[PDB]
Ligand code: SF4
Ligand code: SF4
Ligand code: SF4
C-alpha cells in the first residue's frame, strides 16, 4: 500500500507463487484473494486484517479456494431433495 | 493513478488553465471508508400516543 | 468519450455506495427511497461537483467552436417548432427547437420547484443547438446539485406509514406489528386502490411517462411505458429528408435514442 | 552487397511499421487517459509480435462471391508499392539516385488506388463497393493538390533530383518559405493516407471499413502494412521537404539522426490529429479541397513560380 | 440493436424505415404478473442510462 | 522427441492468440454500457491487447452483451457463423447467459447457448466492469491451456 | 427562467472580421483542441492494474448470494419462503421439511444465478438475515450448469465468504 | 506517465535508424572510403567511365594521382 497514490491505486497485491497445488507464478487471476483481505483490497474498509482480526468461528473455511470452474474440482448442480412418489416393490414369492 | 513542474507548466499552458486546483484524479481528500455507526432518525408518526392509523 | 467516462465511473461509485449496485440501484421505491446514504457520501459528491465543470468546459472547447464538429452538425436536419410538438417530440428535442417547456419547472414533481435553475432554450432547432442545450443542461445540473447538496433536511428516508413501506429492521425483530407488516408487504405487497394515472417526469432523454392502471389488488392491471425515444423514432423520417447518411448518423446522436426504452 | 543494402532497407521498415501499431495504441490511449498496451512484455514492447502471429495463423477466409485473382493481387500491389516507394528517399546517401526521385515517388503514390479499387470490387460487398469508389475519389482528388504543391515547392529547389533537396534547405527550414503551402500539403497527406479526420472509408456507421472488410488474416494485414507504411513514408517526405537538417559529408550519421527524429515527430503529429478531431463527411471532404484547397494551391503555385523570376533567384538546374 | 431500411437516390435520403423490436422484451406483458414492489426493477432496466429517473 | 518442439511451437501460437483476442462488441442492453465502462480509462481493456473495436470479419471473441430476443436471433446466428476460427463466444449478464429478468417472456430466447456456443459464462445484472474483465482473463487462461498441435501430433 | 444558448451573433468591424478570417484560414480552434489533447497526454493516466488492484467498492455491494449461519453453526434459514415470494425473477426455489431435530430447514434451496438479476431483494426480505449477497464478483464460470447453484453450494459460499459478510453486515445493519 | 511511450518509439527510432547509416556506410564501404559518385548527367557518367578505364582494375573509386603519370 502507498498512501499517496490515487484512491484505487493506493493499495495492491503481489499474489502468491503457489496456492493449493497450482503454480501461479507467471499467470494469476483475482480469485486468490482470501476474504479477510478482500474487503481491504476493494476499499470496503481502511483496516487491514492484521490490524482488524476477522471474528473467528468454527464453520469458516481454513483455506480459501479460487474459482474451481474448469478444473475437475468444479461444481456440478444436482437435486438436493429426497424422492417423490415411491415405487411399489414387487413380491418375491411365486405367483401361486 | 503529482508530476514534474516542467511538465506541470507544459500541460497547464497547453490546456490554458490552472488544472492543479482540481484534477480528474482523487487523492486523500476522499471520504473515509470506516465511518462511525450512524444513529438514524425516526419519522413523524413515531409517538406512542395519538398515532391512530384511522387519522 | 473516455475523458467523461472516467467521471461516469465516478458516478457509478456513488450509485454503488448508496444502493449496492453500480448501475441498477433499485433505490427509489414507492413511499421514499429505500435507505439512507452512507456517511461521507455528501463530501465526495461535493468534491466531484467542484471538479466537474473544469472538464465540462474542457469538452466544450473541443467540440463547441471546432470547425468540423459544427460543419458536420450545424443546421443539419432542422425541425420546425410547430411540427415538433405535433410529432410528440419531448425533452431537449422540444427545447432545441425553441419551445420554452420543461416539466421540472411547469409541473414540478417532488422538490424541483424549490430548486432554482435556468433551462437552455434552442435557437435554430438543429443538431448543434440540441448539443449545446445538452451541455448547458450539464452546467445547470451542476448548479442544481449544489443547491440540493447544501439544503438537505433532517428526516426519515421512507414514509412513516408501515403499510406501504417496509418497517425498519429494529422493530422488525422486536415488534409484532412491524413483523406482520413486513411479512405481508414482501409476501402480498401494498394493495393499490383502483384507478388509472399517467405520471410524467422530465427524464434526461425527454418526458418519460407511465400509464399505470390498477384494478384494486396487490398486483397492477396494466402499466404502459411512454419512452421519450419512441415518438422521436416515429418522427425520425421527417427528421432527415435529404441529408446524407453521415447526417442521419449525426442525427441519431442528439436523437440520443437508447434502444432499451423505445423498444420496451 | 547491393541486395544486402536492399534487405537492410525493407526489413527495418517492417519492424518500424510493426512497432507503429504499438506506438499508436499507446499514444492514443495516453491522449485519452489510457495506459495503453503494457502487458505483453515490458511496456507492451512484445505486443505487435503477438497480434502479427495471430493474424498470420488466423484463418484467411476466401470470399465466396469473389474472383480470387484480385483478392490476392490487391494486397501484393498495396504492400509492394508502399515498400518500393521508400526506395529513392534521401537518407544522407539515398539508396537509388533517381534523377526524378520526387516525381518517381509521386507517381507511385497514385498507385494505391490500384489496390483500393480491386479490394473494394473483388470482395463483392455493399460496404466494399461503396468504400472503394469513395476512397478512390478521395485519394485521386487529393493527388492533384499534392501535385501542384510538389511543383510549387520544387520550383525553388532546382530540379526533380531529390538528393539535392537537402542542398536547397541547408541554411533555413524550407517551411519558412512555404509554410502556407506545407500547411496544405501536410493536410492533403492526411487525406491521402485515409486518417481519422479525413479517413471517410472506415466510417464505422455506414461504411464500417470500406475496403478492408472481407479481407481476413494475412491479406488483410498486408493492407494495414501498406497503410502504416505510407504514414512513415509521407511523414518522412514532408520532413525532408520542409523540415530540413544538417548533413556533414564526413559524418553521415548526423543527418540520419535528425531525419529520423523529424519523421517520428511528424508521425506523432499524425496520431495527435487523429486522437482529437472528428471525421469529415464526404460532402465536406470534397468541399474542403475543391472549394477551398485547390484555388489557394493554384494561387500559391503562381506566387512561387513568379517569385524566383522577380528576385533573380532561380534555383540551380544541376 | 437497430434496423434502418433506407430508400435513397444515392445520398440524399428519400425515406427511412426504422425497425424497432430488435431488443423486444415482453416487459409490458411482464409487469402484470409481479407486485409493484417486484415491478420496480423493470423500470431500472428500461432506460439504462437514466436508471434513477 | 516431438512433444518438445510441438509443445513449444503451439505454446507460442496459443500465447499469441491469448494476448490478442479482439472482441466483437455486440452490445444489446445495459450490459453494453457496462462493457463500455470496462473499456473506459479506469479498467482500460485496451491495455491487455484486447481492442474492443473489431469488425466481425476480423475478430476473435463475441461478447453477447444484453438480452437476446427472438427477432435478434437470426442476426446473431449469421454474425457468429461468419466469425473466423478460432471463435470463443462469451456471454455476459444474466439475460444473455440464460433467461434473465425477462426469462419467461414471449420474444426473448432463454439463453445465448440455445443460439450460439458460449465459452465463458459471465454472471451479473450487469456484471460489474471488472467482473467482465475477469471473465476475459479467464478466457485468456483458457487460450493458454490450448493443445491444438499436441492433439494433432498425438491423434 | 431560461437562457438563450446561441444568439451571440458576431460584429462586423475590421478587427472582428480579420480575427474570424485568421481563425478560419490560420486554423486556431483546431490548434486549441490539438493542444488540449496534448495536455491530456502529459497527465497522469487513469488506469487500475487488474487483477493486482481492484476497483473501490462499498459495504452494500450486491454480489454472489450465500446462506449464512448463526454463531452456533446452525443455519439461519427457517424456510419462511419470503425470499422466494420476493425474487422478481423467481430464481429462488425452496422445499421445506420438519428436520430430524425439528427446525424447519430447507430440503432444497437453489438460486438460479442465470435467472437472478442481483437486486438484493432477498436479503432485505429475509427476517433472520439468512440469505445475503456477498462481496464476491469473481465467479465467472465456463458452463451454464456451473452457474445454477444448489443448497450445498450456497452453504459453501456462506462458509467461504463469511468474515467478509459478517464485517459488512456489522458495518451496514444500522443503515438498513 | 508519458515516458512509457518512450520505449515504444525508441525501438521505432532504431527501426528507422538502420536504413540511415547502412546505406551510408556500405557506399563508403564500397567506394574505397569515398561516398558514391552520383552520375546525374552524361558528363558524370563519362568521367566515371574514364576513371574506371584509367584505374586498370575495373573499379572507378580507385584513384591515382600524379604518381601514376610521368
Ligand atoms: S442481465 Fe441485467 S444488465 Fe444485462 S441485459 Fe439483462 S437486465 Fe440488463
Ligand atoms: S438478487 Fe436474490 S432475491 Fe433478487 S432476483 Fe436475484 S436471487 Fe432473487
Ligand atoms: S427469506 Fe431467509 S429465512 Fe426465509 S426462506 Fe429465504 S433465506 Fe430462508
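Chains as they are written, first to last, in the deposited numbering: chain A, 50 to 145; chain B, 1 to 55; chain C, 167 to 430; chain D, 1 to 318; chain E, 61 to 113; chain F, 25 to 179; chain G, 1 to 176; chain H, 1 to 70. Think of the CB as a built atom: it goes at the ideal place given N, C-alpha and C, for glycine as much as any other residue.
Query	Result
N-terminal and C-terminal residue of the alpha helix (DSSP H) that residue 348 (chain C) is part of	342 to 353
The region 214 to 233 of chain D in contact with the region 85 to 94 of chain F per 3-pair CB rule at 8 Å	no
Between the CA atoms of residue 294 (chain D) and residue 145 (chain D) - distance to the nearest angstrom	6 Å
beta-carbon residue 117 (chain G) near ligand 2 non-hydrogen atom, thresh 7 Å	yes
Cβ-based contacts, 7 Å cut-off: residues of the region 234 to 258 of chain C near chain D	234, 235, 237 and 238
Coil, strand or helix - residue 286 (chain C) by DSSP	strand
Cβ of residue 374 (chain C) within 8 Å of any chain D Cβ	no
Whole alpha helix (DSSP H) elements within the region 228 to 281 of chain D, 4-residue minimum	252 to 274
CB contact below 8 Å: residue 427 (chain C) versus chain E	yes
Cross-strand partners of residue 362 (chain C) (DSSP beta bridge)	C:379
Three or more C-beta pairs below 8 Å linking the region 276 to 295 of chain D and the region 123 to 131 of chain D	no
Residue 59 (chain G) burial status per 10 Å Cβ neighbour count (16 or more: buried)	buried
Distance CB(residue 75 (chain F))-CB(residue 39 (chain F)) smaller than 8 Å	no
Residue-chain proximity (residue 34 (chain G), chain H), Cβ-Cβ < 8 Å	no
Cβ neighbours of residue 136 (chain G) in the same chain (closer than 6 Å, five flanking residues each side left out)	63, 64 and 161
Collapsed DSSP secondary structure at residue 3 (chain G) in the structure displayed	strand
Beta carbon proximity, residue 78 (chain A) to chain K, threshold 8 Å	The chain labelled as chain K is not found among the protein chains of the depicted structure, namely A, B, C, D, E, F, G and H.
Under the three-state DSSP convention, the category residue 192 (chain C) falls into	coil
Below-8 Å beta-carbon distance, residue 49 (chain B) vs any chain C residue	no
Residue 130 (chain G) Cβ short of 7 Å to ligand 3 heavy atom set	yes
Length of the line joining the Cα atoms of residue 130 (chain G) and residue 166 (chain G)	12 Å
Contact with chain C by residue 92 (chain E), beta-carbon distance below 8 Å	yes
Ligand 2 heavy atom lying under 7 Å from the CB of residue 33 (chain A)	Lying outside 50 to 145, the shown extent of chain A, residue 33 (chain A) is not represented and no answer is given.
Contact the region 28 to 37 of chain B vs the region 89 to 103 of chain A: 3+ CB pairs below 8 Å	yes
Burial state of residue 292 (chain D), where buried means 16 or more other Cβ atoms lie within 10 Å	exposed
Closest residue to residue 30 (chain B) among C:205, C:193, C:275 and C:234 (Cα-Cα distance)	C:205
Pairwise C-alpha distance: residue 153 (chain F) and residue 181 (chain C)	14 Å
Close Cβ partners of residue 112 (chain G) (< 7 Å) along its chain, the five nearest in sequence each way excluded	91 and 148
Test: residue 54 (chain G) CB closer than 8 Å to a CB of chain F	yes
Euclidean distance between Cα positions of residue 384 (chain C) and residue 117 (chain G)	22 Å
Partners in chain G for residue 331 (chain C), counting only beta-carbon separations shorter than 8 Å	Within chain G, no residue comes near residue 331 (chain C); the closest Cβ sits about 12 Å away, beyond 8 Å.
DSSP state of residue 30 (chain B) mapped onto helix, strand, coil	coil
Spatially closest choice to residue 183 (chain D) from D:299, D:124, D:51 and D:149, by CA coordinates	D:149
Cβ distance (whole Å) where residue 89 (chain G) is taken to contact residue 127 (chain F) below 8 Å	6 Å
Contact list for residue 79 (chain D) against chain C, beta-carbon separation under 7 Å	The premise fails here: residue 79 (chain D) is roughly 30 Å from chain C at the closest Cβ pair, so nothing lies under 7 Å.
Nearest-angstrom beta carbon gap, residue 252 (chain D) and residue 21 (chain H) [assumed within contact, 8 Å]	6 Å
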